[PDB]
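Engineer: Below are the structure tokens for one structure; questions will follow.
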Amino acid sequence: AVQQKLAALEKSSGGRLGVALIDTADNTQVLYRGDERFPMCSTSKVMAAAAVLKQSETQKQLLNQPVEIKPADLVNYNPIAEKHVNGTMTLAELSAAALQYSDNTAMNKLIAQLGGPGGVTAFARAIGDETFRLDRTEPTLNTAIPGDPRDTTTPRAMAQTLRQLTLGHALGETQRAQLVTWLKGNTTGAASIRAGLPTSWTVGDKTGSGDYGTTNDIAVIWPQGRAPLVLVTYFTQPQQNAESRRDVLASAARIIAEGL
């Protein structure tokens, strides 16, 4: 009934919906188009941040390293970086800004720290994620062009990776805790998965948004009284300037919750 409910939501929305739920109490999965590729957009900021966290396991003062923010470094959405122009931000501050405010300059700095998009993909591969690919920096990674494999992943692989990063051991203990702290402090997710879930649940999430009305969210969820969950929702639309449909992600989370 869950797959049918999700299919009906997709049909009503006019778009293409991808869902993956992992219930870690019993490791059950719920997927909808779970092996179809979707543009990741700013949800990629999770992987990049984790990759920097991974680097910091073997470079101890790495998170505290200042990075210079030049005027020319600013892109299309720089709510935090725009205040440190002609200054510096440490990698911890950049990671926090990327994850919790979706600052695209912060993301580009994280990518640069990793040696380019392929460094993020290389981190994905090193932790056993064989589907993720990051090809471009911000803002062009948000073009979300139908069928373009660049900067895409699948809901299933994204859910598994998010589990390894936040509940599994792809990262060291302190690094996993730091990533969880960052996700929990996200400021942009109130209207996405969170809006479809009971209000007493704790949620760490990362939203994303892009062209083709691309509207994404990936979350680790601690329900009241039960084992955590991973829920990824990737939504995209047929027209390039389509408006974001975050309510669709909320409705998918609501459907998925009623069956858990």
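Labels for the structure tokens follow display order: chains A, B, ..., residues from 1 in each chain, ligands from 1.
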So that I can check the surroundings of residue 92 (chain A), please list as a list in words every protein, DNA and RNA residue that reaches within 12 Å of it, counting only C-alpha atoms and ignoring chain neighbours fewer than 5 positions away.
Structural biologist: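 These residues fall inside the cut-off: residues 49, 50, 52, 53, 56, 61, 62, 63, 64, 65, 66, 67, 97, 98, 99, 100, 106, 107, 109, 110, 113, 175, 178, 179, 181 and 182 of chain A.
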Engineer: Could you save those same residues with C-alpha atoms as a PDB file, in the first residue's frame?
Structural biologist:
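Output (selection-v2.pdb):
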```pdb
ATOM      1  CA  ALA A  49      31.353  17.419   4.543  1.00  0.00           C
ATOM      2  CA  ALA A  50      31.799  13.801   5.573  1.00  0.00           C
ATOM      3  CA  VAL A  52      36.389  16.518   5.019  1.00  0.00           C
ATOM      4  CA  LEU A  53      35.540  14.932   8.352  1.00  0.00           C
ATOM      5  CA  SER A  56      40.357  15.208   9.643  1.00  0.00           C
ATOM      6  CA  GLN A  61      44.052  20.323  13.122  1.00  0.00           C
ATOM      7  CA  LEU A  62      42.321  20.194   9.729  1.00  0.00           C
ATOM      8  CA  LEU A  63      38.880  21.327  10.876  1.00  0.00           C
ATOM      9  CA  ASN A  64      40.466  24.442  12.378  1.00  0.00           C
ATOM     10  CA  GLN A  65      42.332  25.393   9.188  1.00  0.00           C
ATOM     11  CA  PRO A  66      41.425  28.877   7.898  1.00  0.00           C
ATOM     12  CA  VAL A  67      40.407  29.090   4.231  1.00  0.00           C
ATOM     13  CA  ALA A  97      27.565  26.609   6.859  1.00  0.00           C
ATOM     14  CA  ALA A  98      27.274  24.141   3.967  1.00  0.00           C
ATOM     15  CA  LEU A  99      25.171  21.628   5.887  1.00  0.00           C
ATOM     16  CA  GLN A 100      23.005  23.914   8.036  1.00  0.00           C
ATOM     17  CA  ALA A 106      31.129  26.802   1.665  1.00  0.00           C
ATOM     18  CA  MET A 107      30.368  23.734  -0.452  1.00  0.00           C
ATOM     19  CA  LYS A 109      35.451  25.348  -0.489  1.00  0.00           C
ATOM     20  CA  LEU A 110      34.842  21.840   0.827  1.00  0.00           C
ATOM     21  CA  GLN A 113      39.711  20.933  -0.005  1.00  0.00           C
ATOM     22  CA  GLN A 175      33.553  12.578  13.275  1.00  0.00           C
ATOM     23  CA  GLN A 178      30.112  15.957  14.601  1.00  0.00           C
ATOM     24  CA  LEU A 179      28.244  15.104  11.396  1.00  0.00           C
ATOM     25  CA  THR A 181      25.390  17.459  15.311  1.00  0.00           C
ATOM     26  CA  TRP A 182      25.594  19.400  12.042  1.00  0.00           C
TER      27      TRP A 182
END
```
Engineer: Considering only C-alpha atoms, return as a ChimeraX atom specification whatever protein or nucleic-acid residues lie within 10 Å of residue 9 (chain A), sequence-local ones (same chain, fewer than 5 positions apart) excluded.
Structural biologist: /A:3-4,14-17,248-249,251-252,255
Engineer: Deliver the residues from the most recent selection as a file, using N, CA, C and O atoms, as a PDB file, in the first residue's frame.
Structural biologist:
```
ATOM      1  N   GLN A   3       3.884   1.538  -1.516  1.00  0.00           N
ATOM      2  CA  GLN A   3       4.303   1.819  -2.884  1.00  0.00           C
ATOM      3  C   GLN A   3       3.177   2.433  -3.705  1.00  0.00           C
ATOM      4  O   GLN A   3       3.413   3.352  -4.500  1.00  0.00           O
ATOM      5  N   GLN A   4       1.944   1.962  -3.516  1.00  0.00           N
ATOM      6  CA  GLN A   4       0.825   2.555  -4.241  1.00  0.00           C
ATOM      7  C   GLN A   4       0.562   3.993  -3.806  1.00  0.00           C
ATOM      8  O   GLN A   4       0.276   4.859  -4.641  1.00  0.00           O
ATOM      9  N   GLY A  14       2.862  15.426 -10.687  1.00  0.00           N
ATOM     10  CA  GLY A  14       3.312  15.681 -12.042  1.00  0.00           C
ATOM     11  C   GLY A  14       4.786  15.434 -12.271  1.00  0.00           C
ATOM     12  O   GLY A  14       5.272  15.655 -13.388  1.00  0.00           O
ATOM     13  N   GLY A  15       5.510  14.993 -11.248  1.00  0.00           N
ATOM     14  CA  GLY A  15       6.951  14.864 -11.287  1.00  0.00           C
ATOM     15  C   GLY A  15       7.413  13.430 -11.135  1.00  0.00           C
ATOM     16  O   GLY A  15       6.665  12.485 -11.398  1.00  0.00           O
ATOM     17  N   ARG A  16       8.660  13.269 -10.706  1.00  0.00           N
ATOM     18  CA  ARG A  16       9.309  11.976 -10.552  1.00  0.00           C
ATOM     19  C   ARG A  16       9.846  11.939  -9.132  1.00  0.00           C
ATOM     20  O   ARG A  16      10.664  12.788  -8.750  1.00  0.00           O
ATOM     21  N   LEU A  17       9.342  10.992  -8.349  1.00  0.00           N
ATOM     22  CA  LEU A  17       9.637  10.859  -6.932  1.00  0.00           C
ATOM     23  C   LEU A  17      10.474   9.611  -6.687  1.00  0.00           C
ATOM     24  O   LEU A  17      10.213   8.551  -7.265  1.00  0.00           O
ATOM     25  N   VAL A 248       5.669  17.945  -1.432  1.00  0.00           N
ATOM     26  CA  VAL A 248       5.695  16.565  -1.917  1.00  0.00           C
ATOM     27  C   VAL A 248       6.596  15.717  -1.031  1.00  0.00           C
ATOM     28  O   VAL A 248       6.274  14.568  -0.709  1.00  0.00           O
ATOM     29  N   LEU A 249       7.742  16.269  -0.621  1.00  0.00           N
ATOM     30  CA  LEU A 249       8.645  15.513   0.240  1.00  0.00           C
ATOM     31  C   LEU A 249       8.005  15.300   1.600  1.00  0.00           C
ATOM     32  O   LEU A 249       8.129  14.222   2.196  1.00  0.00           O
ATOM     33  N   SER A 251       4.781  15.056   2.161  1.00  0.00           N
ATOM     34  CA  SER A 251       3.757  14.033   1.963  1.00  0.00           C
ATOM     35  C   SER A 251       4.364  12.639   1.840  1.00  0.00           C
ATOM     36  O   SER A 251       3.789  11.659   2.333  1.00  0.00           O
ATOM     37  N   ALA A 252       5.522  12.524   1.185  1.00  0.00           N
ATOM     38  CA  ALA A 252       6.195  11.230   1.120  1.00  0.00           C
ATOM     39  C   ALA A 252       6.629  10.771   2.504  1.00  0.00           C
ATOM     40  O   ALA A 252       6.468   9.596   2.858  1.00  0.00           O
ATOM     41  N   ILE A 255       3.430   9.564   4.323  1.00  0.00           N
ATOM     42  CA  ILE A 255       3.083   8.221   3.862  1.00  0.00           C
ATOM     43  C   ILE A 255       4.002   7.193   4.508  1.00  0.00           C
ATOM     44  O   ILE A 255       3.547   6.188   5.065  1.00  0.00           O
TER      45      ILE A 255
END
```
Engineer: Would you mind telling me which residue in A:165, A:141, A:94, A:159 lies nearest to residue 123 (chain A) when using only C-alpha atoms?
Structural biologist: A:165
Engineer: So the first atom is CA of residue 144 (chain A) and the second is CA of residue 39 (chain A); what is the distance between them in Å, to one decimal place?
Structural biologist: 5.2 Å
Engineer: How close does region 80-191 of chain A get to region 220-240 of chain A? List, as a tab-separated table, each residue of region 80-191 of chain A within 10 Å, its nearest atom pair and the distance in Å to one decimal, counting only C-alpha atoms.
Structural biologist:
```
residue	atom	partner	partner_atom	distance
A:143	CA	A:240	CA	8.6
A:144	CA	A:236	CA	8.0
A:145	CA	A:240	CA	8.0
A:146	CA	A:238	CA	7.7
A:153	CA	A:234	CA	9.6
A:154	CA	A:234	CA	8.7
A:155	CA	A:232	CA	6.0
A:156	CA	A:232	CA	8.2
A:157	CA	A:232	CA	9.8
A:158	CA	A:232	CA	7.2
A:159	CA	A:230	CA	6.0
A:160	CA	A:230	CA	8.2
A:161	CA	A:230	CA	9.8
A:162	CA	A:230	CA	7.2
A:163	CA	A:230	CA	6.6
A:166	CA	A:220	CA	7.6
A:167	CA	A:228	CA	8.4
A:180	CA	A:220	CA	8.5
A:183	CA	A:220	CA	8.3
A:184	CA	A:220	CA	8.8
```
Engineer: Would you save the residues of that selection, restricted to C-alpha atoms, as a PDB file, in the first residue's frame?
Structural biologist:
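The resulting file, result.pdb, is reproduced below:
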```pdb
ATOM      1  CA  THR A 143      21.220  21.816 -13.464  1.00  0.00           C
ATOM      2  CA  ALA A 144      19.296  18.584 -12.780  1.00  0.00           C
ATOM      3  CA  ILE A 145      18.904  17.928 -16.500  1.00  0.00           C
ATOM      4  CA  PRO A 146      16.664  14.912 -17.256  1.00  0.00           C
ATOM      5  CA  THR A 153      22.712   9.168  -7.075  1.00  0.00           C
ATOM      6  CA  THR A 154      19.966   6.701  -6.290  1.00  0.00           C
ATOM      7  CA  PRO A 155      17.713   6.771  -3.218  1.00  0.00           C
ATOM      8  CA  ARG A 156      18.903   3.313  -2.130  1.00  0.00           C
ATOM      9  CA  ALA A 157      22.624   4.100  -2.352  1.00  0.00           C
ATOM     10  CA  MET A 158      22.093   7.495  -0.712  1.00  0.00           C
ATOM     11  CA  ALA A 159      20.175   5.929   2.180  1.00  0.00           C
ATOM     12  CA  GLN A 160      22.857   3.280   2.705  1.00  0.00           C
ATOM     13  CA  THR A 161      25.646   5.879   2.570  1.00  0.00           C
ATOM     14  CA  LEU A 162      23.846   8.169   5.019  1.00  0.00           C
ATOM     15  CA  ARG A 163      23.504   5.184   7.361  1.00  0.00           C
ATOM     16  CA  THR A 166      25.714   8.799  10.672  1.00  0.00           C
ATOM     17  CA  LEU A 167      24.742   5.443  12.237  1.00  0.00           C
ATOM     18  CA  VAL A 180      25.135  14.176  13.387  1.00  0.00           C
ATOM     19  CA  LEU A 183      22.627  17.614  10.450  1.00  0.00           C
ATOM     20  CA  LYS A 184      20.511  18.062  13.587  1.00  0.00           C
TER      21      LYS A 184
END
```
Engineer: Which residue out of A:117, A:259, A:13, A:219 has the minimum interatomic distance to residue 244 (chain A) when only C-alpha atoms are used?
Structural biologist: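 Ranking A:117, A:259, A:13, A:219 by distance to residue 244 (chain A), first place goes to A:13.
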Engineer: Determine the nearest neighbour of residue 140 (chain A) from the options A:188, A:47, A:207, A:41, counting only C-alpha atoms.
Structural biologist: A:41
Engineer: What does the distance from CA of residue 5 (chain A) to CA of residue 43 (chain A) come to in Å, to one decimal?
Structural biologist: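 Going from CA of residue 5 (chain A) over to CA of residue 43 (chain A), I get 24.7 Å.
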Engineer: Have a look at A:80, A:2, A:51, A:253 and name the one nearest to residue 32 (chain A); count only C-alpha atoms.
Structural biologist: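 Among the listed residues, A:2 lies closest to residue 32 (chain A).
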Engineer: For the structure I just gave you, how does DSSP split region 77-253 of chain A - specifically, which residues are strand (DSSP E or B)? Reply as number ranges by chain.
Structural biologist: A: 87-90, 152-153, 202-210, 214-222, 229-236
Engineer: Rank nothing, just name the residue among A:206, A:245, A:60, A:254 nearest to residue 45 (chain A), using only C-alpha atoms.
Structural biologist: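 Comparing A:206, A:245, A:60, A:254 against residue 45 (chain A), the winner is A:206.
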Engineer: May I ask which of the residues A:116, A:152, A:202, A:48 is the closest one to residue 130 (chain A), counting only C-alpha atoms?
Structural biologist: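 Comparing A:116, A:152, A:202, A:48 against residue 130 (chain A), the winner is A:152.
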Engineer: DSSP says helix (DSSP H, G or I) for which residues of region 114-195 of chain A? Put them as a PyMOL selection string?
Structural biologist: chain A and resi 117-126+140-142+155-166+173-184+193-195
Engineer: Output the selection as a compact mmCIF listing (two decimals), in the first residue's frame - C-alpha atoms for each residue.
Structural biologist:
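Full text of selection12.txt as output:
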```
# COMPACT_ATOMS: atom_id res chain seq x y z
CA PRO A 117 34.42 16.78 -7.34
CA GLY A 118 36.32 13.57 -7.96
CA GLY A 119 37.69 13.75 -4.42
CA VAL A 120 34.13 13.59 -3.11
CA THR A 121 33.35 10.70 -5.43
CA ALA A 122 36.58 9.03 -4.28
CA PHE A 123 35.46 9.30 -0.67
CA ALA A 124 32.09 7.81 -1.63
CA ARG A 125 33.90 4.88 -3.28
CA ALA A 126 36.24 4.42 -0.30
CA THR A 140 26.32 24.00 -12.10
CA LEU A 141 25.74 20.77 -10.14
CA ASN A 142 22.11 21.90 -9.76
CA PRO A 155 17.71 6.77 -3.22
CA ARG A 156 18.90 3.31 -2.13
CA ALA A 157 22.62 4.10 -2.35
CA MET A 158 22.09 7.49 -0.71
CA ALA A 159 20.18 5.93 2.18
CA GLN A 160 22.86 3.28 2.70
CA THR A 161 25.65 5.88 2.57
CA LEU A 162 23.85 8.17 5.02
CA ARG A 163 23.50 5.18 7.36
CA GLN A 164 27.23 4.42 7.16
CA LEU A 165 28.08 8.07 7.78
CA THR A 166 25.71 8.80 10.67
CA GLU A 173 33.32 8.15 16.42
CA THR A 174 33.99 11.86 16.99
CA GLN A 175 33.55 12.58 13.28
CA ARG A 176 30.23 10.72 13.16
CA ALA A 177 29.07 12.67 16.22
CA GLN A 178 30.11 15.96 14.60
CA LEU A 179 28.24 15.10 11.40
CA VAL A 180 25.14 14.18 13.39
CA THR A 181 25.39 17.46 15.31
CA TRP A 182 25.59 19.40 12.04
CA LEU A 183 22.63 17.61 10.45
CA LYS A 184 20.51 18.06 13.59
CA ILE A 193 10.56 15.41 5.61
CA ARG A 194 10.21 17.00 9.03
CA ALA A 195 6.84 18.50 8.08
```
Engineer: Between CA of residue 138 (chain A) and CA of residue 21 (chain A), what is the distance in Å, rounded to a tenth?
Structural biologist: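 Rounded to one decimal, the two atoms are 27.7 Å apart.
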